[PDB]
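Taking it in order: structure first as structure tokens, then the write-up.
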Amino acid sequence: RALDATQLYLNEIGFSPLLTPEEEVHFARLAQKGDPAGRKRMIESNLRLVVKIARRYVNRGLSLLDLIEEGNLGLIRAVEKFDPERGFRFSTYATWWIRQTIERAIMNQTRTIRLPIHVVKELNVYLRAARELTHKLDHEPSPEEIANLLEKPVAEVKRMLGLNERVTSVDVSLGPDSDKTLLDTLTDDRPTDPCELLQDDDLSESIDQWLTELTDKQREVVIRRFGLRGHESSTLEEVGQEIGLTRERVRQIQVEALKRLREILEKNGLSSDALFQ
Amino acid sequence: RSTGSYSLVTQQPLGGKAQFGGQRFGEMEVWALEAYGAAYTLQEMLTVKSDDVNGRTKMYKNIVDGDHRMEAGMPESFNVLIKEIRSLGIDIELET
Amino acid sequence: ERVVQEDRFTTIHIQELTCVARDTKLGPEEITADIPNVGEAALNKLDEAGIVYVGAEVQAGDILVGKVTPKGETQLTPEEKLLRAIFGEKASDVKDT
Amino acid sequence: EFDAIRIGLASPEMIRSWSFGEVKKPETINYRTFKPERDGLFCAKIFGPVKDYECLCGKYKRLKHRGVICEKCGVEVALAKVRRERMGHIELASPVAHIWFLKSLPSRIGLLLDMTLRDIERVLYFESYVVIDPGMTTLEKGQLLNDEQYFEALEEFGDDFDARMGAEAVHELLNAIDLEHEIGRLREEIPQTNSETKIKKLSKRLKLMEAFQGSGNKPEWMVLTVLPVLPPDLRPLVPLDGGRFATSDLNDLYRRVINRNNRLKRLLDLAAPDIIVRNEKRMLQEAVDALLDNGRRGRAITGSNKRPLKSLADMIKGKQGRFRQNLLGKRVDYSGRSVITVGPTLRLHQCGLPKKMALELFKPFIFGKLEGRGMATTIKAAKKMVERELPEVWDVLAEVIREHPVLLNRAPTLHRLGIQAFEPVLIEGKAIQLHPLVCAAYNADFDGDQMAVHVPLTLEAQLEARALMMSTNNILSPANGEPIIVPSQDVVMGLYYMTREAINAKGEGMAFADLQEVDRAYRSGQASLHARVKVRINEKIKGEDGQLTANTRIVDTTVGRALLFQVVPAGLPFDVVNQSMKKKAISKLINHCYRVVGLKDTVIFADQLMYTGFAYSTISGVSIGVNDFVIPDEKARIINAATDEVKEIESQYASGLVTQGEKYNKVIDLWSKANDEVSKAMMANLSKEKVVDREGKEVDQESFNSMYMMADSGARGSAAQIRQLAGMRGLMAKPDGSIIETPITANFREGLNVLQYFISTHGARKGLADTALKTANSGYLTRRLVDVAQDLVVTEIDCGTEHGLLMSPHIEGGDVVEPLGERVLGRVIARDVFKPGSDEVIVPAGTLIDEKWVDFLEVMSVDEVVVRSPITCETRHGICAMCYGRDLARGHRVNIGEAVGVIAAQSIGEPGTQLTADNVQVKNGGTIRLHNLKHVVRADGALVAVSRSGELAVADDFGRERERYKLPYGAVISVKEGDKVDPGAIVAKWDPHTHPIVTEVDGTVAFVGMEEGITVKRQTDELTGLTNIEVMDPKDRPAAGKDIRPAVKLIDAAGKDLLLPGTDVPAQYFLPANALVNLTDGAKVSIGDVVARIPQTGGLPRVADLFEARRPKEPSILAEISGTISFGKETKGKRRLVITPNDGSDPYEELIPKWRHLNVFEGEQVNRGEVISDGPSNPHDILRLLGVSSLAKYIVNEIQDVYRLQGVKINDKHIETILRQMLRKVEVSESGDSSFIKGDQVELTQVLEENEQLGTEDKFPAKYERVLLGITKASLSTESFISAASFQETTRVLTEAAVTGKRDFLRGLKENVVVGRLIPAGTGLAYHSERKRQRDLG
Ligand SMILES: [Mg+2]
Ligand SMILES: [Zn+2]
Ligand SMILES: [Zn+2]
């Protein structure tokens, strides 16, 4: 027959009777010392109220079963954290933690990129103020006219509205015909072309091989400045401190060895217009 | 087309860089090569010309060096298939 | 060859090419006349605004409008900075688009 | 490097081994910075790093740090590509059941626990309780407990009771499954039952128990406690333009499971009651179930989107899975496409390639040639030289394509010739220059068609393009032996006009000393192209073995025929060019040239015919004008006469003489006669109109008309198209299927009216819309034929068998439509043929019959031959090379490794786009011989036939049968046996209206029980037109007399009892309804007494339904045992077709319906291969009642009849190759040695019969019977699971192969394609052979 995971839970909680308004005083005092007899009856009696609260958040990000189960997490926290010294009521205190738990769960389990609780609270203000303005009188929604109603700068409103991720799906058929997907047409920026990969490996080996066709002392100062022969980046004063042992003499051989590779590069068929343009 | 950009998940040729992609080698052309005796021509168009990160880059280096024999490796369409079946709670490996 | 010399079956085709300037979170996109890693032969056809003149013969690969995007955290390769010092080109933090 | 890809269930201990970490948080990335957060779906600590050789913190970002892992915020330094291999795992707090092993056609969990599918779904949702280890309680393990029934169990028993609910209960039921004990219980309880409703249920449950024992998969692994996580690069989260991100449909599914798993883990430590924790564990069920597959009982999430979702299983199924999308196409490099263009100056082995395409296709080959020559130092400088198009780059490009072939293929690849290799030459332009002769194989016209190009890279692929895929190698068709590269309409037009003898022309009667003087006289304009001359010719003869002897003779030919002999090779005589050189005559010359001089002298001869045809078709400026469609002057005398013959009929329709249907057939057959009268009067005036003058005369010669030449030479146009240009168009059809009364009496030269043109549009759009189905139905047929005969490949050189099928020419009708010349050409003989003499054979042994043996068999009177066929081969897992033959693109026989199963499916599916008895009389003269026809000679001198299994044949004076006619039952034979028949005279007469009867002996026979008031009725016609005993119907009989039936009792004249030999009961036959008795009561003829007279889809879907072995809408009824058949009870509702065997003691009774009109009578003996009721017969009962030799004859001759009607021709080897794969499975009749009642393969059943015979067992009582399967069911029988997941359902073949631990090998074609290995067929056979001898040996 027809079976669903929604009505199977509602029929199980609908068999427990309602708690009398004069019987919860004996169960609340016993829960402080610790006993698994009054806590089971107190939570089971409040299961009929979490459904009416979860039904108010219709067409939201979370489903109906996720909203009912999230509200039940606050019921245990509300019972264990309470004080019966007031004696005014007890059902009005459980609905404060159940409603607070839905808001903290509907903003952390809705979007893909999780937003912190300090920036997501003020984001609902810009979205709520934008709804009333668009329906004033044949009005069109825009980010320019909303900056004056909230006294917000022009650069601040563009960042708050742009903070919404609103991620799309790549497994969607673009167009009327369902024959092509969005993921099959995307490219990558990190990986390169097989010809470009060999082009970078050839130039990297030609640069290191050209350094051997020079003086034995001019190749050591250039390998320590830029860090090409297995070295790191450094400055001119650091190389001329201990290895260089000079102030301006290291800077003199650096400008001569810089132009020495310029003439050997132009004669090799690789001019400035072909690489640097 | 000789080379160009490739897709993200399946390393296959595609357009988008002011250039078209490649020619789709369907199953009808595979049966034509299987009807012939071209076994190396069929394996080349299925492994070293598409879905091979270590196959396309190493074959391009061979054409420039002068010699060219083969670079089979393993197609990326089958490497992704193994990682998807394993994610369904079904073990699949190579006995060799 | 008479039907080709007399321009019988010759047709004119008009093609439209658009360039949009969006607002990247790092910086806005503006139409300018300064392009990195180019020469005078590529900037002579443009103007003080950055768009080619009406009536200019454009070949394959010419620049129509000027548009650069700001970049951040490029992480240049140390083998690349040694090659830029050979000619003497300055480092610019703007991607050519 | 790997083999035997195995598949099985994943254990929880192995799932943790694949993973590199456990995910705990449901987020993916940070909102401010775009970095993977820790312990999430995207985490660089569990998976690989994002950037190349760099961690998240940045403490190590060089190559020298590989194994060092940063401790503060860094990760393991890797190549940033391991994000496709690293996996994760989520240790679930509660077990979850797998839907793949739960919701399928077989219940993998239900059959394993003897439980219902609906009942398991009830426990997994926390609704009912089950009992674990019942023991000494009052309930059974199969009995469930409810919420009110479970509370009572703990009160009466207390001890020895354990009940659970949910997924932990199913996991507990599989812990104590007792695998080594449950099989012992099923073996002792299966033979007790006898009903088939329980045999199929206990055996299907038994075969699943042995699968979980030998494979190693424990039943505990069907439910999982930890699930793997897909790598992040397979579910990418990449940004888009404008800061927008785009994720996959698996991130929100993986996030939904983590959100509910962490919520359940926190709900267990708070000591929450069972009312709230049972609903959270229920949500975790459908959370993981919706992640694995979608469409099951758990509805997938649908939020702000139209399509439901794309889960993990949806990536490998649903006509869009990653496994099936690659099997139908894959983009490749080094390719391109452009339009095609005719090049008349190219050779057969070369094509034209633009310079702009050659620079891009051969780009890597130029970079390597510039560095080797010294023009460029680095690859970065060589790339800039190609962009500038330097002049020195063209000299390099011309050298890299000199001997480098390229592949050209058209978009519709119907057969093997769709891909051919050519040597590209550099041409100026943007269009690919194609050869005019290769346009027939490609099926390509110059209307804007495009052709794709491909570049073979390795020299292994370059040698395969030159030795196998070259255009000069595949000059013959792979389906027949005829050349596929033949001169088309433009070349055959120049060769027909050149060799076209004229009566009187310039330079007639002159003599030439050699062929060089003929060209010298023609080029000077002093001799016509076709004039009767006499030229001395020096030719060579190749008829002698190894002797190329030259002969000089003076022949009498024309000028054009002598110029054509200059290009003919030396091995051919001059008599081959003395004809008119039509299209059918040139194709037979290229085929004869291929078998004499070889291939090298033929590829250079077909190019000379194209140059000679293009040269002489331009000199003669043939043109079609308005005066070429000549109209016969007698067409108006036939149309005006036929119009008056209909006016006299319309007057009879208004008077009431004829009806509507009688007038319809009168005017339809009238215009069809006048249409043929105009067509024969048009061709007579069109063909013999050219008149000439020879020394003064008016002589009629053949017409030198442009419209006549194009139809006579066979270039373009036929008799049905010239008929609509000059003669009347005729009667048009209608989409409903009827013919319109008013025909189109006008042609296309005179023009049609407005109503005549609107009528022709009915059949125009009917044929155009039919082409859309011809490409959709035929493409589906050639795809099903490949999926069956793909594994079939030539593997063995010699089988060593003597079995074979008999081959006889089609003698149906007057003449042989297909003699033994082409039916035996290319097939190895099985048994030695014998001459009519003794100890004299023609063939010595099994030999390959070539063109030299066909004429040797035509001189002799040999008519039957036993050849080898694949359907009778004995090679296991393959087909023999000697059983195939030599009918292919090559002259020799088939080689080892040739995939003959793929070329057979492409030979049948390629021409699929072209697909949509009163008396006998001997035509020729010869002796008359009857076979399998037992006749009884009467006293008058005539013969009467009692059997129908035989037929009448006409024996030639040489001893060959050339005419075969079928005769019904009781057909009177006029001539005798062994006499010379008269050509044009009758030999026998029949009666198709009323089925006659036969009598065994003479005597005074009378009707018993014929009171003429209830059973029969005395009928009298007008003026004594009928004086006999007329029978009555069964419905017209009375209620009391309906049980009694009229019967005739045969008694002798002396009074003694007469009994037929071989049968105990006498010849007592009951007369059926609607019968007339010619013989009176008490007086009859000596023999041949008719006591009772018994009164009386095509095209492409026909071939498709014939390969599927489907049962027709009205199957025929055949006999099982050779014996005397009889009727039963008719008033019950059925017909008991009882039959008593006369040779053996084994009665078999069968039932037959009553709506099917039977054609057999009571008291007649029928044979085993005799048909009882008329109608089409399925190929299933013909295989059981007759055998495999009769099935191979009926299927092949029925498929060829659909192809021979349209004009195409396919060899019989391609139909018998597909038939071999259909007759592959076998079925056992008795049980006791097999596992189930079904059947297995014949290759496995034969290897087990030899071990049981020559072993411990003496006899082999486990017999079998051959069964026939379609091209749909035979394809499902595949031992592999990789190839079976392509054309079948993916989610159904993966759950079956997992629970059995099916180790799949790669010994096929379809498996090695998706995996990436070499194929066993072709050149890849040497790779699989060198590995088999080194793996299982040393
Ligand atoms: Mg066309
Ligand atoms: Zn780090
Ligand atoms: Zn054989």
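Ordering of the structure tokens sets the chain letters (A, B, ...); residue numbers start at 1 within each chain; ligands are numbered from 1 in the order shown.
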10 Å shell around ligand 1 using only C-alpha atoms and all ligand atoms, listed as a CSV table (one decimal) with N, CA and C atoms, in the first residue's frame:
```
chain,number,residue,atom,x,y,z
D,340,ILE,N,33.7,18.1,-49.3
D,340,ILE,CA,34.4,17.3,-50.2
D,340,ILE,C,34.2,17.9,-51.6
D,443,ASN,N,29.5,6.4,-50.3
D,443,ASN,CA,28.1,6.9,-50.5
D,443,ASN,C,28.0,8.4,-50.3
D,444,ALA,N,28.9,9.1,-51.0
D,444,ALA,CA,29.0,10.6,-50.8
D,444,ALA,C,28.8,11.3,-52.2
D,445,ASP,N,27.9,12.3,-52.1
D,445,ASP,CA,27.6,13.1,-53.3
D,445,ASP,C,28.1,14.5,-53.0
D,446,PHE,N,28.3,15.3,-54.0
D,446,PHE,CA,28.8,16.7,-53.9
D,446,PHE,C,27.7,17.7,-53.8
D,447,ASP,N,26.9,17.6,-52.7
D,447,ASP,CA,25.8,18.5,-52.4
D,447,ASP,C,26.1,19.3,-51.1
D,448,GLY,N,27.4,19.4,-50.7
D,448,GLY,CA,27.8,20.0,-49.5
D,448,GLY,C,28.1,19.1,-48.4
D,449,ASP,N,28.4,17.8,-48.7
D,449,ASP,CA,28.7,16.8,-47.7
D,449,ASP,C,30.1,17.1,-47.1
D,450,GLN,N,30.3,16.8,-45.8
D,450,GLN,CA,31.5,16.9,-45.1
D,450,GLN,C,32.1,15.6,-44.8
```
- Message: Could you list the protein, DNA and RNA residues that have any atom within 6 Å of ligand 2, counting only C-alpha atoms and all ligand atoms, and write them as a PyMOL selection string?
- Response: chain D and resi 55-59+70+73-75
Using only C-alpha atoms, determine which residues lie at most 8 Å from residue 57 (chain B), disregarding the query and same-chain residues fewer than 6 positions distant; provide the list as a tab-separated table (two decimals) with C-alpha atoms, in the first residue's frame.
```
chain	number	residue	atom	x	y	z
A	194	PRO	CA	50.11	19.18	-23.71
A	195	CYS	CA	51.97	21.49	-26.10
A	197	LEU	CA	53.49	21.85	-20.87
A	198	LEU	CA	56.30	20.70	-23.17
```
- Message: Using only C-alpha atoms and all ligand atoms, which residues of the polymer chains come no farther than 12 Å from ligand 3? I'd like the answer as a PyMOL selection string.
- Response: chain D and resi 793-804+828-830+846+867-885
Now that the selection is made, can you save its residues with N, CA, C and O atoms as a CSV table (one decimal), in the first residue's frame?
```
chain,number,residue,atom,x,y,z
D,793,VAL,N,35.5,-14.6,-33.9
D,793,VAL,CA,36.7,-14.2,-34.6
D,793,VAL,C,37.4,-15.5,-35.0
D,793,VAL,O,37.4,-16.5,-34.3
D,794,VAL,N,38.1,-15.4,-36.2
D,794,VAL,CA,38.8,-16.6,-36.7
D,794,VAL,C,40.0,-16.8,-35.8
D,794,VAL,O,40.9,-16.0,-35.6
D,795,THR,N,40.1,-18.0,-35.1
D,795,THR,CA,41.2,-18.3,-34.2
D,795,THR,C,41.9,-19.6,-34.6
D,795,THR,O,43.1,-19.6,-34.4
D,796,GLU,N,41.3,-20.6,-35.1
D,796,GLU,CA,41.9,-21.8,-35.5
D,796,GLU,C,42.1,-21.9,-37.0
D,796,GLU,O,41.4,-21.3,-37.8
D,797,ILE,N,43.2,-22.6,-37.4
D,797,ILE,CA,43.5,-22.8,-38.8
D,797,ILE,C,42.8,-24.0,-39.4
D,797,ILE,O,42.3,-23.9,-40.6
D,798,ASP,N,42.6,-25.0,-38.7
D,798,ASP,CA,41.9,-26.2,-39.2
D,798,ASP,C,41.2,-26.9,-38.1
D,798,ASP,O,41.8,-27.2,-37.0
D,799,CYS,N,39.9,-27.1,-38.2
D,799,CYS,CA,39.0,-27.7,-37.2
D,799,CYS,C,39.2,-29.2,-37.2
D,799,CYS,O,39.3,-29.9,-36.2
D,800,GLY,N,39.1,-29.8,-38.4
D,800,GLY,CA,39.2,-31.3,-38.6
D,800,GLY,C,37.9,-32.0,-38.5
D,800,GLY,O,37.8,-33.1,-38.0
D,801,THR,N,36.8,-31.3,-39.0
D,801,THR,CA,35.5,-31.9,-39.1
D,801,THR,C,35.1,-32.2,-40.5
D,801,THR,O,35.6,-31.6,-41.5
D,802,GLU,N,34.1,-33.1,-40.6
D,802,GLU,CA,33.6,-33.5,-41.9
D,802,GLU,C,32.1,-33.1,-42.1
D,802,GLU,O,31.5,-33.4,-43.1
D,803,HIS,N,31.5,-32.5,-41.0
D,803,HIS,CA,30.1,-32.1,-41.1
D,803,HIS,C,30.0,-30.9,-42.0
D,803,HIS,O,30.8,-30.0,-42.1
D,804,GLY,N,28.8,-30.8,-42.7
D,804,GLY,CA,28.6,-29.7,-43.6
D,804,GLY,C,27.2,-29.8,-44.2
D,804,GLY,O,26.5,-30.9,-44.2
D,828,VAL,N,35.0,-24.1,-48.9
D,828,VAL,CA,35.8,-25.4,-48.8
D,828,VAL,C,34.8,-26.6,-48.8
D,828,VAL,O,33.8,-26.6,-48.0
D,829,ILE,N,35.1,-27.6,-49.7
D,829,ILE,CA,34.2,-28.7,-49.7
D,829,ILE,C,34.4,-29.6,-48.4
D,829,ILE,O,35.5,-29.6,-47.9
D,830,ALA,N,33.4,-30.2,-48.0
D,830,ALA,CA,33.4,-31.1,-46.8
D,830,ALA,C,33.6,-32.6,-47.1
D,830,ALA,O,34.4,-33.2,-46.5
D,846,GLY,N,39.0,-31.7,-49.0
D,846,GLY,CA,38.5,-30.3,-48.8
D,846,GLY,C,39.4,-29.3,-49.4
D,846,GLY,O,40.5,-29.0,-48.9
D,867,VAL,N,29.6,-28.4,-48.5
D,867,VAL,CA,30.6,-27.4,-48.1
D,867,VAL,C,30.6,-27.2,-46.6
D,867,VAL,O,29.7,-27.6,-45.9
D,868,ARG,N,31.7,-26.5,-46.2
D,868,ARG,CA,31.8,-26.2,-44.8
D,868,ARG,C,31.1,-24.8,-44.5
D,868,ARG,O,31.1,-23.9,-45.3
D,869,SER,N,30.6,-24.7,-43.3
D,869,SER,CA,29.8,-23.5,-42.9
D,869,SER,C,30.1,-23.3,-41.4
D,869,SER,O,30.3,-24.2,-40.6
D,870,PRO,N,30.0,-22.0,-41.0
D,870,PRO,CA,30.2,-21.7,-39.6
D,870,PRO,C,29.2,-22.3,-38.6
D,870,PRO,O,29.5,-22.6,-37.5
D,871,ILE,N,27.9,-22.4,-39.1
D,871,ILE,CA,26.9,-23.0,-38.3
D,871,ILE,C,27.1,-24.5,-38.0
D,871,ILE,O,26.4,-25.0,-37.1
D,872,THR,N,28.0,-25.1,-38.7
D,872,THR,CA,28.4,-26.5,-38.5
D,872,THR,C,29.8,-26.7,-38.0
D,872,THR,O,30.3,-27.9,-38.0
D,873,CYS,N,30.5,-25.7,-37.6
D,873,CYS,CA,31.9,-25.8,-37.1
D,873,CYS,C,31.9,-26.3,-35.7
D,873,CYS,O,30.9,-26.3,-35.0
D,874,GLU,N,33.1,-26.9,-35.3
D,874,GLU,CA,33.3,-27.5,-34.0
D,874,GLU,C,34.3,-26.7,-33.2
D,874,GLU,O,34.7,-27.2,-32.2
D,875,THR,N,34.8,-25.6,-33.7
D,875,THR,CA,35.8,-24.8,-32.9
D,875,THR,C,35.1,-24.1,-31.8
D,875,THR,O,34.2,-23.3,-32.0
D,876,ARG,N,35.6,-24.3,-30.6
D,876,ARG,CA,35.1,-23.7,-29.4
D,876,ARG,C,35.7,-22.3,-29.2
D,876,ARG,O,36.9,-22.1,-29.3
D,877,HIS,N,34.8,-21.3,-28.9
D,877,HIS,CA,35.2,-20.0,-28.7
D,877,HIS,C,36.0,-19.4,-29.9
D,877,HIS,O,37.1,-19.0,-29.8
D,878,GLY,N,35.3,-19.4,-31.0
D,878,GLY,CA,35.8,-18.9,-32.3
D,878,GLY,C,35.2,-19.7,-33.4
D,878,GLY,O,34.3,-20.4,-33.3
D,879,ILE,N,35.8,-19.4,-34.6
D,879,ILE,CA,35.4,-20.0,-35.9
D,879,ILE,C,36.6,-20.4,-36.6
D,879,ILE,O,37.6,-19.7,-36.6
D,880,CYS,N,36.5,-21.6,-37.3
D,880,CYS,CA,37.7,-22.1,-38.1
D,880,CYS,C,37.9,-21.2,-39.3
D,880,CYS,O,37.0,-20.5,-39.8
D,881,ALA,N,39.2,-21.2,-39.7
D,881,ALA,CA,39.5,-20.5,-41.0
D,881,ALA,C,39.1,-21.2,-42.2
D,881,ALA,O,38.8,-20.6,-43.2
D,882,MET,N,39.1,-22.6,-42.2
D,882,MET,CA,38.7,-23.4,-43.3
D,882,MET,C,37.2,-23.5,-43.4
D,882,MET,O,36.7,-23.8,-44.5
D,883,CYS,N,36.5,-23.3,-42.4
D,883,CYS,CA,35.0,-23.4,-42.4
D,883,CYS,C,34.4,-22.1,-42.9
D,883,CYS,O,33.2,-22.0,-43.3
D,884,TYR,N,35.2,-21.0,-42.9
D,884,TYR,CA,34.6,-19.7,-43.4
D,884,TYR,C,34.7,-19.6,-44.9
D,884,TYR,O,33.6,-19.5,-45.6
D,885,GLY,N,35.9,-19.7,-45.5
D,885,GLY,CA,36.1,-19.6,-47.0
D,885,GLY,C,36.9,-18.4,-47.4
D,885,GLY,O,37.9,-18.1,-46.7
```
- Could you find all residues in region 25-228 of chain A that DSSP calls helix (DSSP H, G or I) from the backbone, and write them as a ChimeraX atom specification? /A:25-33,39-45,50-54,64-80,91-106,120-134,146-149,154-162,183-185,194-210,218-225
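Distances to residue 25 (chain B) were evaluated for D:816, D:411, D:1051, D:1247 using only C-alpha atoms, and the minimum falls at D:411.
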- Task: Compile the residues of chain B that lie within 7 Å of chain D, evaluated using only C-alpha atoms, and express the compilation as a PyMOL selection string.
- Result: chain B and resi 1-3+9+12-13+22-29+31-32+34-41+43+45-47+49-50+60+63-66+68-70+74-75+78+83-84+87-96
- What lies within 9 Å of residue 84 (chain A) using only C-alpha atoms, ignoring chain neighbours under 6 positions off, as a ChimeraX atom specification? /A:25,28-29,90
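Residues from chain A found within 12 Å of chain B are residues 170, 182, 183, 184, 185, 186, 187, 188, 189, 190, 191, 192, 193, 194, 195, 196, 197, 198, 199, 201 and 202 of chain A, counting only C-alpha atoms.
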Dump as a tab-separated table the rows for residues of chain A within 7 Å of chain D: closest atom pair and distance in Å with one decimal, only C-alpha atoms counted, ordered by chain and rising residue number.
```
residue	atom	partner	partner_atom	distance
A:9	CA	D:279	CA	6.6
A:40	CA	D:273	CA	6.4
A:112	CA	D:27	CA	6.6
A:113	CA	D:29	CA	5.9
A:114	CA	D:27	CA	6.0
A:115	CA	D:31	CA	6.4
A:165	CA	D:244	CA	6.9
A:167	CA	D:245	CA	5.1
A:168	CA	D:246	CA	4.6
A:169	CA	D:247	CA	5.2
A:170	CA	D:248	CA	5.6
A:171	CA	D:248	CA	6.4
A:199	CA	D:380	CA	5.9
A:202	CA	D:378	CA	6.7
A:268	CA	D:377	CA	6.5
A:269	CA	D:381	CA	6.2
A:270	CA	D:381	CA	5.9
```
Go ahead and write the residues just picked, N, CA, C and O atoms, as a compact mmCIF listing (two decimals), in the first residue's frame.
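Contents of part.txt, freshly written:
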```txt
# COMPACT_ATOMS: atom_id res chain seq x y z
N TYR A 9 5.45 8.80 11.59
CA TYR A 9 5.90 9.41 12.83
C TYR A 9 4.78 10.18 13.53
O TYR A 9 4.72 10.20 14.76
N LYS A 40 10.59 11.24 30.28
CA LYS A 40 10.05 10.58 29.09
C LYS A 40 8.62 11.02 28.82
O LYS A 40 8.21 11.17 27.66
N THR A 112 25.28 26.10 0.57
CA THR A 112 26.46 25.25 0.42
C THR A 112 27.64 25.83 1.18
O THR A 112 28.24 25.16 2.03
N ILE A 113 28.00 27.08 0.89
CA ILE A 113 29.06 27.77 1.61
C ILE A 113 28.47 28.30 2.91
O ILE A 113 27.61 29.18 2.90
N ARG A 114 28.94 27.76 4.04
CA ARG A 114 28.37 28.12 5.33
C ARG A 114 28.79 29.53 5.73
O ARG A 114 29.97 29.88 5.67
N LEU A 115 27.81 30.34 6.13
CA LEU A 115 28.00 31.70 6.63
C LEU A 115 27.97 31.72 8.15
O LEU A 115 27.14 31.04 8.76
N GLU A 165 25.65 33.45 -1.78
CA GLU A 165 26.31 32.54 -2.70
C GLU A 165 25.39 32.15 -3.85
O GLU A 165 25.67 32.45 -5.02
N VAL A 167 24.58 29.12 -5.17
CA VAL A 167 25.31 28.25 -6.08
C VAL A 167 24.35 27.55 -7.03
O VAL A 167 23.21 27.21 -6.66
N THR A 168 24.79 27.34 -8.26
CA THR A 168 24.02 26.65 -9.28
C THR A 168 24.48 25.20 -9.37
O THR A 168 25.40 24.77 -8.67
N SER A 169 23.83 24.43 -10.24
CA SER A 169 24.15 23.03 -10.44
C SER A 169 24.69 22.82 -11.85
O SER A 169 24.18 23.40 -12.81
N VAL A 170 25.74 22.01 -11.96
CA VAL A 170 26.35 21.74 -13.25
C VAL A 170 25.68 20.59 -13.99
O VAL A 170 25.89 20.44 -15.20
N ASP A 171 24.87 19.78 -13.30
CA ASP A 171 24.17 18.66 -13.93
C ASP A 171 22.78 19.07 -14.41
O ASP A 171 21.78 18.43 -14.10
N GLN A 199 56.29 23.07 -23.80
CA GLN A 199 56.92 24.34 -24.11
C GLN A 199 57.58 24.95 -22.88
O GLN A 199 58.65 25.55 -22.97
N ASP A 202 60.77 22.84 -22.00
CA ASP A 202 61.89 23.05 -22.91
C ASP A 202 62.60 24.36 -22.59
O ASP A 202 63.84 24.41 -22.55
N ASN A 268 69.57 33.28 -30.62
CA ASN A 268 68.99 31.94 -30.59
C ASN A 268 67.60 31.89 -31.20
O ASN A 268 66.90 30.88 -31.04
N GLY A 269 67.17 32.95 -31.88
CA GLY A 269 65.86 32.99 -32.49
C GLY A 269 64.73 33.37 -31.57
O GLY A 269 63.57 33.31 -31.98
N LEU A 270 65.03 33.77 -30.34
CA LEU A 270 64.02 34.16 -29.35
C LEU A 270 64.27 35.62 -28.98
O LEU A 270 64.97 35.92 -28.01
```
